[PDB]
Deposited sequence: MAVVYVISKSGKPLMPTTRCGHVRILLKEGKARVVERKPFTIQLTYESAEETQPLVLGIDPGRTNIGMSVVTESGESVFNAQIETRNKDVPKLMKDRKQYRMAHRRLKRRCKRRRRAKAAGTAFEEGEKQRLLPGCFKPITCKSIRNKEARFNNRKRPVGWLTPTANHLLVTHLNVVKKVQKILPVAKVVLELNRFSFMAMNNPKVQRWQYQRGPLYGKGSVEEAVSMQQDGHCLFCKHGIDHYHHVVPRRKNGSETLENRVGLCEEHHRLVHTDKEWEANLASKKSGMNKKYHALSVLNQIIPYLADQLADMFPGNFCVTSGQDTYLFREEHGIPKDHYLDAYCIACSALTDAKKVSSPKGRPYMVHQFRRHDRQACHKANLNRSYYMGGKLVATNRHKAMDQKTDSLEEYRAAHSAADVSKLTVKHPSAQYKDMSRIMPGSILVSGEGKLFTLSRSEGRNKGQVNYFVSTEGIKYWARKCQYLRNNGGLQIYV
């Protein structure tokens, strides 16, 4: 039934075994040492022959659901994994990063320089200047001082430059392949190619993935077509599911596969957690709330950009000066994240002794986290949980 992955005494991956009673005997007798809780990996502690058969790794690429499966020369299944990529979050984070950077440079540098210039008298006499910059046909308005030099004419990128999102997706594919290599002795690699007319990040990265996979597996790299996968499915009767695709892909490179049958059993699930979080501010509240008694009646002095609720100006329009004189203002202070916190993806044990993978930290009182939420959605009192293992980028669930 189950499959136990085996590693040689030298750290070399070996053929997985399914005897599962020899495994327990070996573990009790001390000849085998557990390497990974899930997928269950054991390393032999004694030298032995390392005969291996060829294995084929089939990849169904995607932006948020990568699928891979390892098969023997006859179409038997020994590994099936489905990875939920963190890719969608990267462009939004990068956009927010750009906005924060522009805010920094506008408010801490440009506005301060303009303020100093007005103070010192070293400003334009007109106070405003229209500047026609090379490469532009319409001027920019510079108030009280020259602009910092604008650089857009001749910025060059190395050939085959990839955006952080596409690079992240490519690196994710390669990293998950490396993790599979740590477990099994992969011999051949098959990739399913995708072309999108749109009349996408994955479409951008497919050729680079093919190149670098070919480098990783010299002479042992094949490519298949989506139509080929569909025909294989129809011919061999594999049930139509998303995670089965990879298996079918892996079965294309087999010359004569007599034991083709759909894998039975849920595949391993892999979650991607960010390695770094450089942000220091949680909430910069920035909303001057006006309460009359205990009811919110206004949100700013004058309505801000993209604000729909009434501000103080409307309230002054509607009510009287004796009403305004009684208002109370409440502006909460900015909140900062703990940057040394236990990041999501960490592995901890609860007070009752159950092991879990951290998903989020919920609540905070007196400078200490209230609840740790596991990847299964169970809340544990953080004071009693014990920290075992730091975040690895790709984590089995």
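Coordinate coverage of the deposited sequence is interrupted at 200 to 296, 495, where no C-alpha atom was modelled.
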